[PDB]
């Protein structure tokens, strides 16, 4: 485990929480960004509204919301804070899978291959969740951010289109708020260099 990747490895090995079929509460702005409050247990989670989420959710109550949460440190003196990951709750049952192909190349030049399948149980999924779950898998199973920490994850959609997450840096915050049709994910290709 190499220190120039220690930040990336620490972030992508955090615990995540998934809150489904919840209610979101947006209070009046009190700092430079707005938050959606979610209360699934005895804690109040503040979810930053970044990217498209700002114009998407007005002040007030928002029902049928699902959130993929990763507690992070912040400059707003908030205890339970997470960015993006908000999706609309399911309209119906979803039971879809996407095949994952991994190729890894060492600093030695050693090349490995691996495969898995990524289960999808949500009609609408955030890039935050795809990005986060996959990297965590890559770290735990393929030693991502140990020996090497660059490359890409590419989610391919059934219609043709692609979303690519560059491994050398965290997923951009504005992108943690983008959302896609889970049912339209075809397969996932990962190249670790």
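Residue numbers count along the first chain shown, from 1.
A.B. asks: Looking at the entry, does 61-69 or 150-158 show the higher mean C-alpha B-factor?
C.D. replies: Looking at the record's C-alpha B-factors, the answer is 150-158.
A.B. asks: Can you tell me whether 82-90 has a higher mean C-alpha B factor than 110-118 in this record, or the other way round?
C.D. replies: On average, C-alpha B-factors are higher across 110-118.
A.B. asks: Could you tell me which one of 128, 46, 136, 168 shows the highest CA temperature factor in the PDB record?
C.D. replies: Result of the comparison over 128, 46, 136, 168: 168.
A.B. asks: Going by what the PDB entry lists, where does residue 177 fall on CA B-factor within its chain: lowest, middle or highest third?
C.D. replies: Its C-alpha B-factor belongs to the lowest third of this chain's values.
A.B. asks: Among the modelled residues of its chain, does the C-alpha B-factor of residue 53 lie in the lowest, middle or highest third?
C.D. replies: CA B-factor rank for residue 53: lowest third.
A.B. asks: Place residue 164 in the lowest, middle or highest third of its chain's C-alpha B-factors, as listed in the PDB entry.
C.D. replies: Its C-alpha B-factor, which the entry lists for residue 164, ranks in the middle third among residues of this chain.
A.B. asks: Based on the entry's values, in what third of the chain does the Cα temperature factor of residue 23 lie: lowest, middle or highest?
C.D. replies: Middle third of the chain for residue 23's C-alpha B-factor.
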